[PDB]
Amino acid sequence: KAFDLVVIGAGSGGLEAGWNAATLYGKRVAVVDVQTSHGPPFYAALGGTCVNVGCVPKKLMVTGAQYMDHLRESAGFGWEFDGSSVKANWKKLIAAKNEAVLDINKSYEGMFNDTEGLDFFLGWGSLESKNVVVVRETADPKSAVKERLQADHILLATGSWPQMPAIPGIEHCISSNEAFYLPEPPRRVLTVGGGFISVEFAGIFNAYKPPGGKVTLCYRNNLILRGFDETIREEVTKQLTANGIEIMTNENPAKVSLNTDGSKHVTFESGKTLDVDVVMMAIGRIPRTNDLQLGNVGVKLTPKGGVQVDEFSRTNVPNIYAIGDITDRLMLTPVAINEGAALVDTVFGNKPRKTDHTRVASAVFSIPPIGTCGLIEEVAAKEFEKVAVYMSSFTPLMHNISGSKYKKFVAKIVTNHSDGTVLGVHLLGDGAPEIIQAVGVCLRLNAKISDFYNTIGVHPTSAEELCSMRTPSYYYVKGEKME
C-alpha cells in the first residue's frame, strides 16, 4: 500500500505529524505502533509513552500521592477525622489510572477510524528500503510480514526506552514501565536515579506505601536533579527527606539478589545493603532505534543510538526524518509535538520551521513540584559577562499553619545583568508547573526583570514573588559569584 507519509510510532510526535499531514496538508498517512492499548507486554502503545506509561498516568498518581499531605495538612485548618481509619488504596489508584489511559487509547482508535487518509497499522515497523516500511508480527526481523508500506516520506518517531545497568540481578529490577502495573504498593522500594522519574516515583510510593513502609532513592552524584537550579536541588532533597524519603547520594547498586522470602537484597558499590520489595531503575532513557533495521537504508545514528538530525529533523537520507525522543534532543511530549508539527509544515507546507529547544518551560511533579524555564545561573555565568540572580525563598504562611514548615517556596530569576534580559526562571513549591507556563511566553518575548517587577502582582499567590523582586540577591561576573 502507498502513502505520502509513513510514521513509525503512534506517540506524542508521530500523532501530531500524522494528523497534521493528513488533515492540514491532505496527505495520505500511515502510522504504525506495536499495541492499541496500554500495558504489558510492550507498555507504550497507540498514544505514545506519555499517554500510556509517562506524563498522563504519572501526573494522576502524583495527584493521588498529594492527598497524603492534604489529609495531614487539613488538621492545621481545623479538619478532624479518624487518622487510624486512613488507608491509601493503591489498587483503586491503579484501576482509576488504567481506565483514564484506556479511554485515551480508545479515543485515538476512534480518531483513526473517523479520519480519512489517516490509517493505523498494528505491529513492528522497520525500514526495508528508503521508500518501504515493513510492519512485522514482532521486534524480531524474521517474524511474519503484516504489511509493506510504500512511502514517499518516512518519519521515525519510536521514542525512548528505559536504560537498565548490566549489573548482576538486573532481572530482579523493574523500570518505570512495570511500576505503573505493580498490583500492590511496595512496603520498601529503592528508586535508582536522581532524575525526575526517580524523584516523582519516590513521591508516589512514599504516599501509598503500607504501614511501616520505607522509600529510598539512590543517586551516584552528590545532589539529585542535575540540570535544575542548585537551590531547588538542595530544597527538594530536604523536602523529600522531611516527608520520610531516604535520599542516598554518592550510591549506586552493584548487584541485586533475592532473599529467601523473595524480597530484593541490594548491595551498593559502597557495600551498604538495603532489603526492598521493589528496585525501580530510573537511570536514563535511550532512543529506540534497535528494531528499526536502519542498516537497510543507512540512516546516520549517534554512538548513543539516537537518529542524528539537522535543525529541521532531517536524517542524512532524503525523505526520512526523525522527531521526538528518538533524536535525544529534549525528551518532553510538547517538544516531540512541536518537532512533528514543524517537520510536516516544512516538508508538506513548504513553511520552513525548526523547533526552538531553548527557553522550554518544564516541570518536575515532585512533592512539592518544580517549574522551570531557561538557563540555570551556572550555565548563564559561562555564557554572559554579568549575571544577576533575584531570589525569594520562605515557608509560605499556609504551610506555617498546615505544619509542613519544611515546604520552602523558591523563586529565582536569572538575568543578563548588562540589559536585564531574563535567561532563566526556576520555581519550587505548590503551583510551580502552573506558574511557569506563561513565563515561557515571557522568555519568548525577551522579557527583562523590569517587565516582571513593573507588572502588578496577583495577591495572595506564590506567583507574585516573580513580580516583587527589584534587587539582585547576588551576581556572577566573568563566571565568578559575588555577593
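One-based numbering along the sequence shown. In this text, rigid core is short for the largest set of C-alphas that superpose within 1.5 Å between two forms.
- Of the two segments 301-309 and 145-153, the one whose CA positions lie farther from the displayed form in 9 other deposited structures of this protein, once all are superposed on the rigid core, is 301-309.
- Farther on average from this form in 9 other deposited structures of this protein lies stretch 325-333, the comparison being between 325-333 and 199-207 by RMS Cα distance after core superposition.
- A summary of the deposited B-factors shows that, of 333-341 and 141-149, the stretch with the larger mean C-alpha value is 141-149.
- Higher average CA B factor: 250-258, of the stretches 406-414 and 250-258.
- Within the group 382, 91, 359, 72, the record's highest C-alpha temperature factor is found at 382.
- Taking only the listed residues 263, 158, 177, 206, the entry reports the highest CA temperature factor at 263.
- Sort the modelled residues of the chain by CA B factor and residue 8 lands in the lowest third.
- Ranked within its chain, residue 225 lands in the lowest third, by CA B factor from the PDB record.
- Per-chain ranking of the deposited C-alpha B factor places residue 47 in the lowest third.
- Residue-level temperature factors show residue 235 in the middle third of its chain, judged at the C-alpha atom.
- The PDB entry assigns residue 128 a C-alpha temperature factor belonging to the highest third of its chain's modelled residues.
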